[PDB]
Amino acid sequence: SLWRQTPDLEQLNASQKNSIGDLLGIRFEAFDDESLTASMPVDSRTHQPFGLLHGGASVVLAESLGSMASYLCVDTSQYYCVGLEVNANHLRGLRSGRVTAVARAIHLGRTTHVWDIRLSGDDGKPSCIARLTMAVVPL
């Protein structure tokens, strides 16, 4: 419904080869008519030096997810999307397991998109909330 290109999880995952998403183990996991979901491990790849998930790593997941969501909503023969502004509140710390992010659209304008991204650890409690603004740019 939201999407122009039907999300293809194998393709989304494969496209991360030789980029930070592959390095951190980001996995696109699910989608429906209103949302796209990806998760990331909480381990030495994504920890800060004190053994907690790095707040920046939460932002990598959020921006990977939202950037991919934008790509799936534009005419990619004419436009590309790049991150313009990002913000996040770090709500709860995580030490292990996986962190899961779900992106939903706030506004898909002609020149900007705004995404709402909610993250939680395996206990299901909110761990981070992010908002991402993407610029839509002529190819």
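The first residue of the shown sequence is 1; numbering continues from there.
Chemist: Between 127-135 and 6-14, which has the larger average Cα B-factor in the PDB entry?
Modeler: Result: 6-14.
Chemist: Higher mean Cα B-factor in the deposited model: 57-65 or 91-99?
Modeler: Result of the comparison: 91-99.
Chemist: With respect to C-alpha B-factor, does residue 44 fall in the lowest, middle or highest third of the chain as deposited?
Modeler: According to the entry, residue 44 has a C-alpha B-factor in the chain's middle third.
Chemist: Using the B-factor values recorded in the entry, state whether the Cα atom of residue 35 falls in the lowest, middle or highest third among the modelled residues of its chain.
Modeler: Its C-alpha B-factor, which the entry lists for residue 35, ranks in the middle third among residues of this chain.
Chemist: Per the entry's values, where does residue 73 land by CA temperature factor relative to the rest of its chain, in the lowest, middle or highest third?
Modeler: CA B-factor rank for residue 73: middle third.
Chemist: Please place residue 108 in the lowest, middle or highest third of its chain by C-alpha B factor as given in the entry.
Modeler: As the PDB entry reports it, the C-alpha B-factor of residue 108 lands in the middle third of its chain.
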